[PDB]
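In what follows, a single structure is set out as structure tokens and then discussed.
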Amino acid sequence: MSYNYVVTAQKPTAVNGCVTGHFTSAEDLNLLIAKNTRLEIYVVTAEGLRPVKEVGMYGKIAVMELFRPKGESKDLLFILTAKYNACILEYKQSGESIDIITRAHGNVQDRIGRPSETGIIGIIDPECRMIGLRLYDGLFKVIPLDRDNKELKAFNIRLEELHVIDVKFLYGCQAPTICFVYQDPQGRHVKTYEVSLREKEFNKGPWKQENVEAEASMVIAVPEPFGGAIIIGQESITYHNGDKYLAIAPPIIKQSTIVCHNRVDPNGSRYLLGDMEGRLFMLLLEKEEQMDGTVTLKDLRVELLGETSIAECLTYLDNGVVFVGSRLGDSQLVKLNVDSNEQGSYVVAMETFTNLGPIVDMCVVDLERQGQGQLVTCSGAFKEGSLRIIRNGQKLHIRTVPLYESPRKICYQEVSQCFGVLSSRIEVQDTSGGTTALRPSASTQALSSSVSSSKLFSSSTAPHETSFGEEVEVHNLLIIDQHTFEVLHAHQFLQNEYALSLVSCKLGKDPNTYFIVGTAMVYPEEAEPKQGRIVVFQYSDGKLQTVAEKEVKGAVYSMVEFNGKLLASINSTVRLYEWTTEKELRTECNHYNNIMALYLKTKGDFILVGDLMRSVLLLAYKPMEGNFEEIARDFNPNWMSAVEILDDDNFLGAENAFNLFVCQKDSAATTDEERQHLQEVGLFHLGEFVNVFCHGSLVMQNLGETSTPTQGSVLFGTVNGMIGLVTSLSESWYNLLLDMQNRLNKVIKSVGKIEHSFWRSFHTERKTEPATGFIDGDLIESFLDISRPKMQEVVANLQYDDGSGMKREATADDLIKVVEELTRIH
Amino acid sequence: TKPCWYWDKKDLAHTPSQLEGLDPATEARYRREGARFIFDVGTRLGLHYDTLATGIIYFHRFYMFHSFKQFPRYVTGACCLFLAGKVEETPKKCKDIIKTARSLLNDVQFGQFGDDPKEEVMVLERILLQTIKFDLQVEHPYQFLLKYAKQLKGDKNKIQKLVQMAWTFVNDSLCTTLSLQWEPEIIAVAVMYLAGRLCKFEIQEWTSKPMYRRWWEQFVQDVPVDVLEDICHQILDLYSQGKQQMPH
Amino acid sequence: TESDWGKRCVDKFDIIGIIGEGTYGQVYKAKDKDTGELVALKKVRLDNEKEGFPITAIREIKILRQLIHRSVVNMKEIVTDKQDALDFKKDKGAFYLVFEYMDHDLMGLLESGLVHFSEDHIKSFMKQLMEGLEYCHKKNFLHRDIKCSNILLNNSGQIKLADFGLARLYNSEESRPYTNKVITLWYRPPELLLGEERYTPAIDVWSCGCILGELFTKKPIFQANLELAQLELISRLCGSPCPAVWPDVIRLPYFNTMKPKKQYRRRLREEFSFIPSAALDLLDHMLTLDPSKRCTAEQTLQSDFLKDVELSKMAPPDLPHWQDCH
Ligand SMILES: CC[C@H](CO)Nc1nc(NCc2ccc3ccccc3c2)c2ncn(C(C)C)c2n1
């Protein structure tokens with residue numbers, strides 16, 4: 001068996017959702033921000049936000065909504081986790097003591113059901129009579145909000161429309177009414193149903209089905225006076241209410257997909273709309289009063305306000321202060337002005353909240369020779385793309401390097417005192433037949449620049465037609481100084497060539513240090529790339545020189561230096577190249593029993609391969625024979641997102657289900673079959689998507705004791721910005737910390753009353769296994785935050801083992817010292 | 001696709017056994033003794049008649065490729081029965097076959113098994129499988145005797161007498177190389193034909209074509225009486241050579 | 001000739017790698033040096049010599065040389081390790097069962113979560129499987145290990161059944177004693193959970209029905225660890241076994257022993273209401289408690305769901321091979 005420990009070095013930073021309400025007091029205005037597994041509670045002031053409370057939940061926050069049922073003084077909060085843990089929460093404050101109350105809780109998972117394409121949707125009635133959940137195709141789940149439903153028991157109503165895009169409860173209806181956009185073979189339509197708690201079924205809705213735009217994406221519930229709904233698409237915005245139908249199709253919104261909406265004026269007169277290019281719009285409802293005294297919607301208007309960070313969630317708060325909750329870039333507070341500035345914009349940034357964004361890749365480098373290490377991340381996407389320099393100093397100090405284009409891979413080249421970074425920018429087919437970039441960015445603002453003139457694929461004869469307005473990716477290799485982070489050089493790859501892998505190394509007997517890039521020729525027609533390049537560059541005297549190119553019959557997904565040779569993965573094939581005295585790559589040996597060789601790691605003559613679906617395979621280079629040999633494979637099927645070698649026997653992997661596992665050689669060599677079986681000894685649900693695993697640590701280790709129970713250091717970056725660390729334990733130390741976890745889980749009160757053991761259980765749509773081989777360091781590190789009575793309750797009857805003393809009782813003060821040492825590695 | 005498992009009578013003059021100096025009578029004797037050894041061992045163990053026949057067919061085929069002087073026949077027989085049990089889903093442990101083989105064989109005969117009987121048998125299974133070309137599925141006259149008899153309608157007792165007499169002739173034919181000369185379908189017809197002559201029955205009357213004097217043609221196409229008579233002659237030769245007489 | 005099996009050496013195949021772990025030996029991917037055909041080799045080791053050549057392999061050899069159908073895996077030949085020269089006693093080399101290589105196995109596609117089946121995709125999948133099962137059933141063979149892993153899919157969309165290690169002939173005339181624990185618990189029929197021991201070919205139909213439901217949910221229907229818990233899950237969906245729906249349930253060894261928590265009513269149509277009507281009717285008939293009332297393979301092919309499915313229009317599963325990296 002294997003024993004490992006996982007801690008969070010940086011908590012998730014990307015904003016997944018934000019709501020405004022009166023949660024902490026019926027008097028205050030609150031903003032609740034939901035980062036993955038973390039809830040942040042703020043109070044709105046005239047300058048900005050006052051933080052008041054933050055809690056963690058043992059689950060990814062999927063639905064977060066505020067409601068105030070009749071009889072309550074203040075808003076209550078509903079949170080549903082991605083594993084279907086539901087709960088209703090209340091804020092309670094006693095002087096200086098702030099705590100969160102779990103008013104109702106339960107798990108609403110159905111034994112049988114198909115998870116929907118558009119994900120979990122949760123909505124609440126305007127009269128707070130029920131919670132609507134869209135969890136599975138063809139079903140609508142209702143949790144009625146009666147006083148007695150403390151377990152959140154619910155029933156399903158059959159829903160004929162299997163493919164629902166979005167559903168929201170409508171305002172201004174006699175009985176609970178849902179408006180949903182759904183898709184069937186005839187296109188997309190908007191339909192309404194009524195929800196009867198007494199009959200537990202749908203009844204016919206207030207207004208007829210209407211066919212809507214093919215890409216109708218979002219449903220807006222318009223409050224009275226207007227009533228009805230607004231449906232946002234790619235080209236048009238439509239209002240539907242009974243007989244009335246309006247449609248505005250302004251050309252400005254066709255340019256970029258609108259992803260978020262928020263209400264500004266409670267009367268429904270004004271809404272905010274945001275799009276993927278970061279633009280912020282105002283949607284205006286023009287009122288017309290009839291002599292009857294009724295107010296009808298006269299027209300719709302869309303007005304461009306300015307630019308924000310590419311926003312996942314928008315919240316208007318009060319005054320002109322809008323909170324831009326971003327998942328791909330930094331979140332923001334911005335102020336909307338009545339008068340535009342001299343550039344024509346009504347939006348001026350107030351504050352910027354750091355978001356490490358998607359961490360596509362990262363490396364650890366000692367820039368100052370401090371014997372510490374600094375973490376350089378490829379963070380963000382599109383106009384939010386950046387590099388982030390991260391060091392320990394008690395908080396993390398983070399420098400941001402804006403690129404305004406997507407960073408893909410990073411590798412450090414000390415000889416050149418610079419970084420090599422792969423990046424891609426979006427250009428659009430223009431009337432010249434070529435393409436035009438939407439904004440200047442790192443690859444266009446380089447000091448010196450170059451473009452591949454390779455003739456490898458120039459024979460073409462394969463037609464690829466272009467339509468005006470279509471997007472393309474343009475890929476570049478950026479040479480960036482390690483001190484100024486100035487883009488010294490930008491090399492642009494071939495049209496339709498994607499840069500997928502990057503290394504910096506010396507090969508063979510060649511004293512030169514090269515940047516080597518693996519690419520793939522990507523055409524929309526192809527299911528899987530069938531052409532690619534390995535390119536050897538040399539960065540010398542401010543210019544990048546193309547040294548050699550090797551044509552391959554696939555995508556070079558991963559490369560790594562291997563004992564002076566170049567190890568590259570081309571589709572299924574894993575290949576080892578030698579670097580000749582003629583400065584060309586020469587194939588030595590190949591391995592072909594793969595589905596798709598997405599990831600490669602090495603140690604000595606051993607190679608770890610990560611497959612798209614066949615988990616991880618341990619290969620070995622046999623120098624006596626000049627070829628590969630399969631040592632062992634993890635025959636259990638997992639979709640890999642990243643891999644890493646812990647030691648000669650233990651191997652770490654991350655699954656696309658937000659799970660981590662460790663495989664070991666069976667080390668019971670009585671039969672060849674046992675040796676070739678990698679056994680999954682560790683299983684753990686991280687809750688994050690791990691893009692990159694990197695050996696290293698950010699703690700200051702020079703001139704220090706640097707002694708800890710833990711051995712080893714692997715850092716990993718995730719899509720939500722979370723950075724974590726995996727380290728190894730001895731059997732004795734694991735058992736102590738594991739036994740302590742079981743004791744802590746009985747003592748510590750969970751938000752929503754979610755069992756910790758459940759949360760960390762390995763989970764896919766098809767399996768759920770109890771965690772094994774992993775200590776939740778974030779749980780262990782919480783021992784230092786629980787009250788003294790609880791600490792002493794935890795240590796009761798706790799014995800140590802395999803120590804100098806076989807059995808040794810633990811005191812509260814003894815464990816405080818142990819945990820504090822564990823806090824020193826992160 | 002599939003191998004050919006039938007030889008001409010004339011070809012049996014050139015088995016490995018014959019060419020190593022064994023005369024035709026001796027090889028015929030060895031085949032009877034090996035087959036009957038298989039039959040007796042498996043009967044003591046309670047084995048289905050198909051399992052006994054399958055082992056015997058493996059045995060007969062084996063010695064079309066090997067000589068009796070280099071492969072002791074009772075070891076081969078025991079191995080054939082051991083494999084037959086697994087093929088026909090009537091498995092037996094090799095130790096139990098040895099135990100029974102020892103009970104039935106004298107001291108000289110059991111000498112063939114050498115110092116370690118089980119090992120000599122288990123080791124041979126490799127050669128057996130390669131010899132029979134991994135063609136394990138075998139059909140036997142029994143299923144055709146019953147399939148064809150079911151299509152006869154008439155006096156219940158005369159037909160049952162026909163079947164049992166023919167069934168006995170099938171059991172007796174396993175001691176011969178007929179298994180190597182004619183498909184089982186033909187064997188089943190030949191034994192029905194022989195029992196009919198011995199019982200003075202006119203089988204055509206029991207068929208759906210009572211005026212079709214060559215009654216068997218509706219069961220087995222393209223079979224001349226010559227073939228059925230050759231089979232009948234060879235079966236009765238066993239009875240005449242021995243002291244046993246036709247069952248009747 | 002092509003029929004002289006067991007003599008050709010495994011030297012004739014370049015071994016690419018180890019695809020999986022088998023019952024009687026590991027399974028390897030290989031390429032024929034002469035033709036370039038990718039083949040799958042199942043290693044049979046008789047060196048254990050506890051009871052000689054494994055019966056599991058004997059069954060697969062015996063049966064698969066008889067069965068010829070598009071939806072049944074083809075055994076191409078049997079090859080051997082370099083044999084010891086003139087020393088058959090010392091020869092401990094193994095034999096290899098040569099099979100056609102299949103790109104993927106259903107479990108792998110589903111567990112990785114890398115496949116989506118539309119109604120049309122499921123029609124093409126089930127028709128091939130049930131036609132293959134019918135071929136086997138018309139030939140009176142029972143698979144007895146139908147599980148997602150044993151169903152094998154090529155990227156074209158051709159479906160082939162594979163592991164016949166537990167297959168045995170079925171006689172309606174002569175009831176025979178059979179082994180009670182045959183199929184994986186998740187795909188095991190209720191009759192065998194109660195210990196039938198004389199089971200029908202409808203055991204394989206139940207398993208295929210569990211797969212049918214799974215293809216619409218991407219999750220197995222009856223996931224349990226213990227035989228009783230499995231009967232409980234089946235009962236929650238299909239209804240509790242009782243003479244009202246299964247007159248002969250009272251004859252089964254464990255009927256009185258393994259009672260479910262309640263005498264549940266059948267809800268299969270309610271919990272599967274998101275399934276298309278033709279499929280729900282097929283599922284309802286395939287997941288019938290009483291094996292003598294459970295539909296046959298032929299009856300499934302004469303259903304509104306699979307009857308008019310044109311097999312020429314192969315309709316492959318939607319498997320992503322790019323953009324899955326990022
Ligand atoms: C019998 C157990 C196996 C494993 O589950 N099943 C199995 N799997 C086959 N291919 C799918 C497959 C499975 C695993 C892989 C791993 C890496 C790379 C490629 C892989 C491909 C296959 N091809 C042909 N056969 C014959 C033997 C019927 C097969 N038997």
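Chain identifiers are assigned as A, B, and so on, following the order in which chains appear in the structure tokens; residues are numbered from 1 within each chain, and ligands are numbered from 1 in order of appearance.
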As a ChimeraX atom specification, please: all residues of region 350-567 of chain A that backbone DSSP puts in helix (DSSP H, G or I). /A:382-384,414-416
Pull the closest atom pair for each residue of chain C that gets at most 6 Å from ligand 1, along with the distance in Å to one decimal, counting only C-alpha atoms and all ligand atoms, ordering rows by chain and then ascending residue number, as CSV.
```
residue,atom,partner,partner_atom_place_in_ligand_line,distance
C:19,CA,ligand 1,16 (C),3.9
C:20,CA,ligand 1,4 (C),4.1
C:22,CA,ligand 1,2 (C),5.5
C:40,CA,ligand 1,24 (C),4.8
C:42,CA,ligand 1,27 (C),5.9
C:99,CA,ligand 1,26 (C),5.2
C:100,CA,ligand 1,24 (C),5.4
C:101,CA,ligand 1,23 (N),3.8
C:102,CA,ligand 1,23 (N),3.7
C:103,CA,ligand 1,11 (C),5.1
C:104,CA,ligand 1,11 (C),3.9
C:105,CA,ligand 1,11 (C),4.8
C:149,CA,ligand 1,5 (O),5.6
C:162,CA,ligand 1,28 (C),4.6
```
Restricting the output to N, CA and C atoms, write the selected residues as a PDB file, in the first residue's frame.
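Contents of out_7.pdb, freshly written:
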```pdb
ATOM      1  N   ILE C  19      -2.853  -5.807 -23.670  1.00  0.00           N
ATOM      2  CA  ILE C  19      -4.113  -5.071 -23.655  1.00  0.00           C
ATOM      3  C   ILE C  19      -4.855  -5.294 -22.344  1.00  0.00           C
ATOM      4  N   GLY C  20      -4.881  -6.527 -21.846  1.00  0.00           N
ATOM      5  CA  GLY C  20      -5.624  -6.800 -20.631  1.00  0.00           C
ATOM      6  C   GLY C  20      -5.155  -8.055 -19.936  1.00  0.00           C
ATOM      7  N   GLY C  22      -6.302 -11.629 -18.494  1.00  0.00           N
ATOM      8  CA  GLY C  22      -7.313 -12.626 -18.748  1.00  0.00           C
ATOM      9  C   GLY C  22      -7.529 -13.565 -17.575  1.00  0.00           C
ATOM     10  N   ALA C  40      -5.152 -10.115 -31.522  1.00  0.00           N
ATOM     11  CA  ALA C  40      -5.125 -10.187 -30.069  1.00  0.00           C
ATOM     12  C   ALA C  40      -4.820 -11.621 -29.664  1.00  0.00           C
ATOM     13  N   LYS C  42      -4.408 -14.434 -26.687  1.00  0.00           N
ATOM     14  CA  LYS C  42      -4.718 -14.882 -25.335  1.00  0.00           C
ATOM     15  C   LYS C  42      -3.765 -16.009 -24.965  1.00  0.00           C
ATOM     16  N   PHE C  99      -7.036 -13.971 -31.858  1.00  0.00           N
ATOM     17  CA  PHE C  99      -8.324 -13.348 -32.109  1.00  0.00           C
ATOM     18  C   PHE C  99      -8.127 -12.062 -32.901  1.00  0.00           C
ATOM     19  N   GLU C 100      -9.189 -11.660 -33.597  1.00  0.00           N
ATOM     20  CA  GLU C 100      -9.209 -10.362 -34.258  1.00  0.00           C
ATOM     21  C   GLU C 100      -9.132  -9.241 -33.233  1.00  0.00           C
ATOM     22  N   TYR C 101      -8.270  -8.259 -33.486  1.00  0.00           N
ATOM     23  CA  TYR C 101      -8.136  -7.137 -32.566  1.00  0.00           C
ATOM     24  C   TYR C 101      -9.348  -6.215 -32.644  1.00  0.00           C
ATOM     25  N   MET C 102      -9.841  -5.809 -31.477  1.00  0.00           N
ATOM     26  CA  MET C 102     -10.968  -4.892 -31.355  1.00  0.00           C
ATOM     27  C   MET C 102     -10.459  -3.596 -30.741  1.00  0.00           C
ATOM     28  N   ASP C 103     -10.818  -2.463 -31.344  1.00  0.00           N
ATOM     29  CA  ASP C 103     -10.239  -1.194 -30.912  1.00  0.00           C
ATOM     30  C   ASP C 103     -10.537  -0.920 -29.442  1.00  0.00           C
ATOM     31  N   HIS C 104     -11.798  -1.087 -29.031  1.00  0.00           N
ATOM     32  CA  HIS C 104     -12.212  -0.712 -27.686  1.00  0.00           C
ATOM     33  C   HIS C 104     -13.167  -1.744 -27.103  1.00  0.00           C
ATOM     34  N   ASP C 105     -13.309  -1.694 -25.778  1.00  0.00           N
ATOM     35  CA  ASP C 105     -14.314  -2.448 -25.036  1.00  0.00           C
ATOM     36  C   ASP C 105     -15.315  -1.480 -24.421  1.00  0.00           C
ATOM     37  N   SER C 149     -17.633  -5.289 -20.336  1.00  0.00           N
ATOM     38  CA  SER C 149     -16.252  -5.579 -20.712  1.00  0.00           C
ATOM     39  C   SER C 149     -16.177  -6.580 -21.862  1.00  0.00           C
ATOM     40  N   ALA C 162     -17.349 -11.619 -27.041  1.00  0.00           N
ATOM     41  CA  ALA C 162     -15.944 -12.001 -26.924  1.00  0.00           C
ATOM     42  C   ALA C 162     -15.583 -13.132 -25.972  1.00  0.00           C
TER      43      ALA C 162
END
```
Separation of CA of residue 271 (chain C) from CA of residue 224 (chain C), in Å and rounded to one decimal: 18.3 Å
Once DSSP has gone over the backbone, tell me which residues of region 12-223 of chain C are in strand (DSSP E), as a ChimeraX atom specification. /C:13-20,27-32,38-44,75-80,95-100,104-105,141-142,152-153,159-160,168-169
Hey, can you spit out that residue selection with C-alpha atoms as a compact mmCIF listing (two decimals), in the first residue's frame?
```txt
# COMPACT_ATOMS: atom_id res chain seq x y z
CA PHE C 13 3.62 -11.95 -34.43
CA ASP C 14 5.32 -8.78 -33.24
CA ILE C 15 3.84 -8.23 -29.79
CA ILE C 16 2.77 -4.61 -29.44
CA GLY C 17 1.71 -4.71 -25.79
CA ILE C 18 -0.52 -6.16 -23.10
CA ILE C 19 -4.11 -5.07 -23.66
CA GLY C 20 -5.62 -6.80 -20.63
CA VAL C 27 -4.14 -10.85 -23.45
CA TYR C 28 -1.70 -9.13 -25.82
CA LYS C 29 -2.01 -6.90 -28.89
CA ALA C 30 0.12 -8.06 -31.80
CA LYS C 31 0.70 -7.69 -35.54
CA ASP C 32 1.12 -10.60 -37.95
CA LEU C 38 -3.40 -6.55 -35.86
CA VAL C 39 -4.39 -9.55 -33.74
CA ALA C 40 -5.12 -10.19 -30.07
CA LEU C 41 -3.33 -13.11 -28.41
CA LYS C 42 -4.72 -14.88 -25.33
CA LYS C 43 -1.93 -16.75 -23.56
CA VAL C 44 -2.93 -20.19 -22.27
CA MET C 75 -10.64 -17.10 -33.31
CA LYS C 76 -8.21 -17.13 -36.22
CA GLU C 77 -5.69 -19.78 -35.09
CA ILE C 78 -3.71 -21.17 -32.15
CA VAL C 79 0.07 -20.68 -32.04
CA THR C 80 2.78 -21.88 -29.68
CA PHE C 95 -0.24 -21.68 -26.44
CA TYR C 96 -1.81 -18.49 -27.76
CA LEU C 97 -5.38 -18.10 -29.01
CA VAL C 98 -5.31 -15.68 -31.95
CA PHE C 99 -8.32 -13.35 -32.11
CA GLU C 100 -9.21 -10.36 -34.26
CA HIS C 104 -12.21 -0.71 -27.69
CA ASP C 105 -14.31 -2.45 -25.04
CA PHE C 141 -25.12 -22.05 -26.46
CA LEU C 142 -25.36 -19.91 -23.32
CA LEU C 152 -16.17 -5.30 -27.91
CA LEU C 153 -16.60 -2.37 -30.31
CA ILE C 159 -20.11 -4.97 -32.21
CA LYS C 160 -18.71 -8.41 -31.39
CA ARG C 168 -22.12 -24.29 -22.25
CA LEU C 169 -24.78 -25.97 -24.38
```
Using only C-alpha atoms, which residue out of A:357, A:206, A:407, A:113 lies closest to chain C?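 For chain C, the nearest of the given residues is A:113.
Interatomic distance, CA of residue 699 (chain A) to CA of residue 742 (chain A): 29.2 Å.
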Write out as a compact mmCIF listing (two decimals) with C-alpha atoms, in the first residue's frame each polymer residue whose atoms come within 8 Å of residue 133 (chain B), counting only C-alpha atoms; drop sequence neighbours fewer than 5 positions from it.
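Below is the file that was written, part.txt:
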```txt
# COMPACT_ATOMS: atom_id res chain seq x y z
CA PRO B 3 -9.23 -30.33 -41.08
CA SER C 3 -6.51 -25.80 -40.40
CA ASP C 4 -3.34 -27.32 -38.86
CA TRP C 5 -3.58 -25.38 -35.61
CA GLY C 6 -1.13 -25.49 -32.73
```
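With distances restricted to only C-alpha atoms, B:143 is the closest residue to residue 185 (chain B) from B:17, B:143, B:26, B:90.
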Tell me the residues of chain C close to chain B, meaning within 8 Å using only C-alpha atoms, as an MDAnalysis selection string. chainID C and resid 2:7 49 51:53 55 58:59 61:62 88:89
Once you have the residues from the selection above, write them out as a short mmCIF file (atom, residue, chain, number, x, y, z; two decimals), in the first residue's frame, restricted to C-alpha atoms.
```cif
data_model
loop_
_atom_site.label_atom_id
_atom_site.label_comp_id
_atom_site.auth_asym_id
_atom_site.auth_seq_id
_atom_site.Cartn_x
_atom_site.Cartn_y
_atom_site.Cartn_z
CA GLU C 2 -4.91 -23.12 -42.59
CA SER C 3 -6.51 -25.80 -40.40
CA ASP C 4 -3.34 -27.32 -38.86
CA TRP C 5 -3.58 -25.38 -35.61
CA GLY C 6 -1.13 -25.49 -32.73
CA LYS C 7 2.06 -25.76 -34.82
CA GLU C 49 -0.55 -28.45 -14.60
CA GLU C 51 -5.59 -30.04 -14.06
CA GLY C 52 -3.90 -29.44 -17.42
CA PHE C 53 -5.16 -27.25 -20.25
CA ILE C 55 -11.34 -25.77 -19.50
CA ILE C 58 -11.19 -25.39 -24.11
CA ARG C 59 -14.74 -24.01 -24.10
CA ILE C 61 -11.80 -23.07 -28.65
CA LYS C 62 -14.58 -25.66 -28.92
CA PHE C 88 7.90 -33.14 -25.09
CA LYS C 89 8.14 -33.78 -21.32
#
```
Compute the set of chain C residues within 6 Å of chain A, using only C-alpha atoms, and express it as a tab-separated table (two decimals) with C-alpha atoms, in the first residue's frame.
```
chain	number	residue	atom	x	y	z
C	16	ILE	CA	2.77	-4.61	-29.44
C	17	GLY	CA	1.71	-4.71	-25.79
C	108	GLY	CA	-13.65	1.34	-21.23
C	112	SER	CA	-13.71	6.89	-19.30
C	217	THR	CA	-28.03	6.40	-18.45
C	219	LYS	CA	-24.47	4.10	-15.43
C	274	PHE	CA	-36.98	9.50	-20.01
C	321	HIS	CA	-10.35	11.83	-30.42
C	322	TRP	CA	-9.48	15.55	-30.40
```
Find the residues near residue 230 (chain C): any atom within 10 Å, counting only C-alpha atoms, skip ones fewer than 3 places away on the same chain, and give them as a ChimeraX atom specification. /C:185-190,193,222-227,233-236,260
Please produce a file of the residues just selected, as a tab-separated table (two decimals), in the first residue's frame, where the atoms kept are N, CA, C and O atoms.
```tsv
chain	number	residue	atom	x	y	z
C	185	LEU	N	-22.35	-9.87	-10.70
C	185	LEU	CA	-23.55	-9.58	-9.91
C	185	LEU	C	-24.36	-8.46	-10.55
C	185	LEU	O	-25.59	-8.51	-10.55
C	186	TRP	N	-23.68	-7.46	-11.10
C	186	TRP	CA	-24.38	-6.31	-11.67
C	186	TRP	C	-25.27	-6.69	-12.84
C	186	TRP	O	-26.30	-6.06	-13.07
C	187	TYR	N	-24.89	-7.73	-13.59
C	187	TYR	CA	-25.65	-8.18	-14.75
C	187	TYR	C	-26.24	-9.57	-14.53
C	187	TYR	O	-26.47	-10.31	-15.49
C	188	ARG	N	-26.50	-9.94	-13.28
C	188	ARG	CA	-26.97	-11.30	-13.01
C	188	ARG	C	-28.49	-11.35	-12.95
C	188	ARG	O	-29.12	-10.48	-12.35
C	189	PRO	N	-29.11	-12.37	-13.55
C	189	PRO	CA	-30.58	-12.44	-13.52
C	189	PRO	C	-31.10	-12.77	-12.16
C	189	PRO	O	-30.39	-13.41	-11.34
C	190	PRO	N	-32.33	-12.40	-11.82
C	190	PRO	CA	-32.87	-12.69	-10.48
C	190	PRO	C	-32.99	-14.18	-10.20
C	190	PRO	O	-32.76	-14.62	-9.06
C	193	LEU	N	-29.89	-15.34	-8.87
C	193	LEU	CA	-29.65	-14.82	-7.53
C	193	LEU	C	-30.31	-15.73	-6.50
C	193	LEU	O	-29.77	-15.95	-5.40
C	222	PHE	N	-28.04	-1.92	-11.72
C	222	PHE	CA	-28.11	-2.65	-10.46
C	222	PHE	C	-26.68	-2.81	-9.95
C	222	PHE	O	-26.01	-3.81	-10.25
C	223	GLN	N	-26.22	-1.85	-9.17
C	223	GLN	CA	-24.87	-1.86	-8.61
C	223	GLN	C	-24.96	-2.23	-7.14
C	223	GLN	O	-25.47	-1.46	-6.32
C	224	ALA	N	-24.47	-3.42	-6.81
C	224	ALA	CA	-24.46	-3.90	-5.44
C	224	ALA	C	-23.18	-4.70	-5.24
C	224	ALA	O	-22.49	-5.07	-6.19
C	225	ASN	N	-22.87	-4.96	-3.97
C	225	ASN	CA	-21.70	-5.74	-3.63
C	225	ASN	C	-22.06	-7.15	-3.18
C	225	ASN	O	-21.22	-8.05	-3.29
C	226	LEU	N	-23.28	-7.35	-2.70
C	226	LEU	CA	-23.70	-8.63	-2.15
C	226	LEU	C	-24.99	-9.07	-2.81
C	226	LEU	O	-25.79	-8.25	-3.27
C	227	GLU	N	-25.18	-10.39	-2.86
C	227	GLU	CA	-26.29	-10.97	-3.61
C	227	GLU	C	-27.63	-10.47	-3.10
C	227	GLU	O	-28.56	-10.25	-3.89
C	233	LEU	N	-32.16	-4.18	-5.06
C	233	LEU	CA	-32.18	-3.13	-6.08
C	233	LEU	C	-33.05	-3.53	-7.26
C	233	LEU	O	-33.81	-2.71	-7.79
C	234	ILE	N	-32.93	-4.78	-7.71
C	234	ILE	CA	-33.80	-5.28	-8.77
C	234	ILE	C	-35.26	-5.17	-8.34
C	234	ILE	O	-36.12	-4.74	-9.11
C	235	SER	N	-35.54	-5.53	-7.09
C	235	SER	CA	-36.92	-5.51	-6.60
C	235	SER	C	-37.45	-4.08	-6.54
C	235	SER	O	-38.62	-3.84	-6.87
C	236	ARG	N	-36.62	-3.12	-6.11
C	236	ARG	CA	-37.09	-1.74	-6.07
C	236	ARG	C	-37.57	-1.28	-7.44
C	236	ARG	O	-38.48	-0.44	-7.54
C	260	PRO	N	-36.84	-9.46	-0.03
C	260	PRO	CA	-36.52	-8.02	-0.01
C	260	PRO	C	-37.25	-7.30	1.11
C	260	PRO	O	-38.19	-7.82	1.72
```
Selection: 12 Å around residue 71 (chain C), only C-alpha atoms, excl. self and same-chain fewer than 3 positions, as a ChimeraX atom specification: /C:64,67-68,74,102,124-136,150-154,157-162,311
Determine, counting only C-alpha atoms, which protein, DNA and RNA residues have an atom within 10 Å of an atom of residue 102 (chain B); residues of the same chain fewer than 5 positions away are not included. Present the result as a list in words.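 What passes the distance filter is residues 41, 96, 97, 107, 109, 110, 111, 113 and 117 of chain B.
Between CA of residue 208 (chain A) and CA of residue 246 (chain A) the interatomic distance comes to 14.9 Å.
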Skip region 365-373 of chain A itself and residues of its chain fewer than 4 positions away, then list as a PyMOL selection string all residues within 8 Å of it, counting only C-alpha atoms. chain A and resi 391+412+482+696-702
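Between residue 447 (chain A) and the residues A:467, A:479, A:577, A:419, the shortest atom-to-atom distance, using only C-alpha atoms, involves A:479.
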